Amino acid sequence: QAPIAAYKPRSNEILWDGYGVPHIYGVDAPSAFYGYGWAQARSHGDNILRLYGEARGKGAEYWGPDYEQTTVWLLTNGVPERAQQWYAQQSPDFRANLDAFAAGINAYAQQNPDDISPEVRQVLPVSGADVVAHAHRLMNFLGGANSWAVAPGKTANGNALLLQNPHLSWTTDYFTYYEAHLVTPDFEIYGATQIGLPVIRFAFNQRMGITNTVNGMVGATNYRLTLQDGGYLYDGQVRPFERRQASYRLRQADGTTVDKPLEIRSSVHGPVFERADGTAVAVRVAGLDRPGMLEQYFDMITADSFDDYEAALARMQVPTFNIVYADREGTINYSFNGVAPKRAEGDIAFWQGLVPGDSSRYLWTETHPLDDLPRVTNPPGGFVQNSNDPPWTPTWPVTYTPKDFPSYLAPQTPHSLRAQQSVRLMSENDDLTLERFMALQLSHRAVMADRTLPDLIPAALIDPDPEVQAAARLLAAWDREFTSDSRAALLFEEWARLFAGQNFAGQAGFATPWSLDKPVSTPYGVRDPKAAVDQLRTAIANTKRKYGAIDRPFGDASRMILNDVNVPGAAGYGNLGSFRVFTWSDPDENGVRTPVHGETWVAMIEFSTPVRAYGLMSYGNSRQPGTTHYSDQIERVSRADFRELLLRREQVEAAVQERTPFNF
């Protein structure tokens, strides 16, 4: 009935498990934020300090030419200054949490100076504003993911299920996910978030949890300016620019710095940039007046009820993202979230291109409230999903159509085959257990082979080239599954690179086009079989060149390699239909390839009492030099051997490998 008793921390301590996951126990909120700062510094200190330095607008100053473009970009958009403003604009309670987090970082570095790379030492001390600045850069001035939520009625046990499944870069520093656990007398949060963020974006606890995917919210407008007589033409008149003289320091090879002038020009729209070709472009970013994004996430993930959650969401301080919610009470929700300008005309394509910058006709000033955006709560189908598809099949049966919303909010483009799989996997299954839920997450179907091979194979068999004939039989015998042992998968990928373009998203070659009326079974067929066979001819050559043969085992070429761990790969490209994603790189000279992005933080939660959750982090929980917690999870990933996620104090106590008492 009621959830299990909340644990009441009586001292400040971090209990680390064997995988380098910190369980931070604090006697109050600032204590927990401090411990969290300390832990992030231990696990990712170098890259966090680097990023904070950048978000200060001091990249060029600290590290020279390689960081200058970012410095100019951030200074022109007034990011470091706005962060100082946002910091002061925090509620006093949340500002104290931000101060504590920054102090935790500083105290870690103070106590462990040997753990801090020489190049980033100059960044210290960090402040609450630094924290705010980085979050500002990340959200407003910087892939893929899956998301599932399942309602009780669709499960065997009667408890909601949740999937957290972002697919960002395995290398990009600011996209590094970190797993942590925060406990105070008043709240509990478990999950993953980008390094440097003091709040957990992919969070769950005993009561509730959320996950995120990219929706590509069009939160900015690029205005083409008409330059005339030193100014710009606007409503038939020439307006002079706002001009501000700024400057920044650039580190030289000899370790000195040089002062570089930077004039920031602004039109009524926003700051002005000149492009390569010579187009003067004013950039107008929505939601610059929304200082509460971090606290919004915090209030969302510590909500005592769905009503409280929705009230926090409705603040409109989080500028983008599809956000999916589930709780132990049994509510599931999908929200197409972001800060979207109210506009009187124009579809999404119009607002994504260069918009005329000569007229107040196109100057928006207001943004949509939450109730104007596509949302689904407890739908008849008993699930919600999003795999970066436009928000038109978030559940099945659908509860709204594209007509119900302004045409500028979201595209109406063909749903990817991964997204089609996502809908099929949830809709086609009933009486789900957590085990089965987890099994479905591993899906790696070559859906595009289902759509194309029935037409391609017979066409290829009539080609006079015996090697093309053999290729057809190889593809024909394939079970259309991206398994390690597959001898046809690599060849099929190579054919698809031609048939459907290098991103596998091309549509022109299908016989039957995509249709929202058949959203999980179109597009289908091969429009021009003869042409497709010539593509296979080329693909055969490409496969042999890249991999050495047309039938090399998929998991022999596709490897997951971190430090000295080298394990076989399975699953693949989302746009080919693989739900579980590994975006394999181009191969090296031996035909070996590894994931550029794909599965990173993967968690599956059942809101039973107590909750039960399993997860993995592909690239471990630390990237600091010398850590044992970088390559220590990837072998488990290769076997889909998920860790039980430990939220209960006694579970944490049984798993502890390191104890860090702390003071605040």
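Just count from 1 along the sequence shown to find any residue number.
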Could you bin the unmodelled part of the deposited chain lying between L142 and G143 as none, 1 to 3, 4 to 9, or 10 or more? 10 or more
Of 479-487 vs 269-277, the stretch with the larger average CA B-factor in the entry is 269-277
Quick one: higher average CA temperature factor, 542-550 or 440-448? 542-550
Select one of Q84, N205, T583, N222: the residue whose C-alpha shows the highest B-factor in the crystal structure entry. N222
The largest CA temperature factor among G577, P402, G196, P80 is found at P402
Place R643 in the lowest, middle or highest third of its chain's C-alpha B-factors, as listed in the PDB entry. middle
Among the modelled residues of its chain, does the C-alpha B-factor of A654 lie in the lowest, middle or highest third? highest
Sort the modelled residues of this chain by their C-alpha B factor and say whether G615 lands in the lowest, middle or highest third. lowest
Quick check on the deposited entry: does the C-alpha B-factor of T70 sit in the lowest, middle or highest third of its chain? middle
Classify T213 as lowest, middle or highest third according to the C-alpha B-factor given in the PDB entry, relative to its own chain. lowest
